[PDB]
Every structure is written in structure tokens, then in C-alpha cells.
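Given next, in C-alpha cells, is a single chain: the form solved without the partner chain.
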């Protein structure tokens, strides 16, 4: 169950934070998901289809690929949205970080609790600058697009480089490994959190599925 933590750092403009974080999160979840398991008798199962689609960025000259799932997209857009607000609207040095953590549920023996054991952590350290000039914004569109392109391919190589994946679960064990709550995709169990540190202190936000 060797856990690996990877760190990515990006410097963007305020209007680029949301799209930049979405590119990273969707890219990771693209390679950390499966189709929905449809179980039959004797505990056997088939696997549903998962489409993908290109996403054109409006504030960055870049295009990324995400899982064709509105449910997942709305989930990610929400937490990235909270992050973008908490980060941009801060009187610090424009620094914050977001973590994507994949974990397994080791159900603590009846009846007390349930423990989350992480096996992969993906952290994005964001440095955001607020620009007013239209020209500078244009420079950032091209500049960030190049860097972000290099980092997406890089992150795909890193995921491929990781030697550990959870053992494929049986029907009774599927909810300890996968998020089986989405309609059209089945990612590994994941939680997303972010923290912003200011001159006043540190704020930490954790988001949980229903």
C-alpha cells in the first residue's frame, strides 16, 4: 500500500486559476477512474463505457481532455470555485495549495468507525498574480498555455511511473476502493481539500461527498 505524494507548482493570473486547476484535476481523474461496475449473479461484473471530450480554455491558450461526466465536472468546478475565491480574494502573497487524495476505506471492525488510508496524494501549489493591463493578460494566455501543456504530459508520465494501484475489489469490497455514486463514471475514492495561508493565519477547507 505504498503511498506516493507528487507536487506540482504553477504561477498564473487570477482569471486563469479556475481553468488551470480544472485541467490538472480532470487530467489526474482521467487516469484514476474506470467505467461503472455492473454486477451480475455469483458476484461477477461488466464495466460500463466512459467517454472523453476536449475542453477549450477561455483564459489560457490550451486544451485538455476530461471524462465525459457532468456530475464529476460540476463537483470539481464547485471546489475549484471555492478555491479560486478564497485565493484571489486574499491579501497575502497570492499563495495557496489544493490536494487531491486517493484513498481506500479500511472499515474499522464493527461498530465504531471507518478509516481512510491514502495511497496517492496530488498537490498543486498555486501562485496567483493579479494583472490589470489587457496586454499582460494576453502574454499570460500564451505563456501559461506552454507551461501547463508541459505539466499535463509530465503528470501523465508520473502516474504511469507509479507502481501501486489498489487490488481489484470484489462486489462486497467495491465501495472501499471506488466512488460508486456517480452516474457515468467510477473514479477511485478521492477527497479534495485546499488551504490558503495569509499574514493573519491559515485557512483549511475540506469537501465531502453526500
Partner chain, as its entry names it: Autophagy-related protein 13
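Positions refer to the first chain, counted from 1.
We do not show the form deposited with the partner chain bound, though everything after this point is about it.
For a residue to qualify, one of its non-hydrogen atoms must sit within 4.5 Å of the partner chain in the entry with it bound; all three of 51, 65 and 183 qualify. With a 4.5 Å cutoff on heavy atoms, residue 160 counts as touching the partner chain in the entry with it bound. In the entry with it bound, none of the heavy atoms of residue 176 sits within 4.5 Å of a heavy atom of the partner chain. Mapping the unseen interface onto this chain, residue 144 falls outside it, with no heavy atom inside 4.5 Å of the partner chain in the entry with it bound.
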